[PDB]
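Peer 1: Show me the folded form of this:
(2 chains, ligands or ions: 1)
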Amino acid sequence: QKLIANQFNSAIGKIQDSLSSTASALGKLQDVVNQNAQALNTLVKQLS
Amino acid sequence: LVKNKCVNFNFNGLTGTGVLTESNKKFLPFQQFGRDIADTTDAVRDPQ
Ligand SMILES: *[C@@H]1O[C@H](CO)[C@@H](O)[C@H](O)[C@H]1NC(C)=O
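Peer 2: Numbers count the residues shown, from 1 in each chain, chains lettered A, B, ... in the order given. Next up is the structure itself:
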């Protein structure tokens, strides 16, 4: 149990860091938000 | 000039309809229009 607790607790810790620094993991979510805000521009430009 | 109230306007050949207010965006002295990320007019300068 103990060992399994620490391996779990610590392994949680990385997830902060892995998110705290590297910005790539959220690409997916970050991609959807773009393509939506993307098309709107490309939609609005057409009014010009 | 009327503020905070939906109006129609023409400023020196700029034509548009909107709600004029006071702002804090420091416009360039030799400039005229502000604009926005979709290219739509987002501000003006009152020549008088
Ligand atoms: C508009 O008129 C007022 C007084 O008639 C004057 O003080 C002001 O400078 C004028 N605006 C410009 C841009 O000259």
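Peer 1: Now do the same contact list for the residue of chain A found nearest chain B.
Peer 2: With CB to the nearest CB, the shortest gap between chain A and chain B falls at residue A:44, namely 4.6 Å. To be clear about C-beta, it is placed using only N, CA and C from the backbone, and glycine gets the same treatment. Neighbouring residues of residue A:44 by CB atoms under 8 Å, 6 or more residues apart in numbering or on different chains: B:38-40.
Peer 1: Which residue is the nearest non-sequential neighbour of the residue nearest the centre of chain A?
Peer 2: The centroid of chain A falls nearest to residue A:26 when counting by CA atoms, centre = their mean (1.6 Å). In this structure, residue A:26 finds its nearest non-sequential neighbour in residue A:19, 7.8 Å apart by CB to CB, 6 or more residues apart in numbering or on different chains.
Peer 1: so that neighbour touches residue A:12, yeah?
Peer 2: No - counting by CB atoms under 8 Å, residue A:19 stays clear of residue A:12, with 11.4 Å between them.
Peer 1: Report the contact partners of the most centrally placed residue in chain B.
Peer 2: With distances taken as CA atoms, centre = their mean, residue B:44 lies nearest the centre of chain B, 2.6 Å away. The contact partners of residue B:44, by CB under 8 Å, 6+ apart, come to B:11, B:14, B:20, B:32-34.
Peer 1: what's around whichever residue of chain B sits closest to chain A, how many residues?
Peer 2: Per CB to the nearest CB, residue B:38 is where chain B lies closest to chain A, at 4.6 Å. Around residue B:38 there are 13 other residues, counting by other CB atoms under 10 Å in any protein chain shown.
Peer 1: go on, residue B:25?
Peer 2: Applying other CB under 10 Å, we find 7 residues neighbouring residue B:25.
Peer 1: I'd say it and residue B:34 touch.
Peer 2: Yes - contact criterion CB under 8 Å: residue B:25 and residue B:34 qualify, at 6.1 Å.
Peer 1: If anything else comes up later, I'll come back, but that's it for now.
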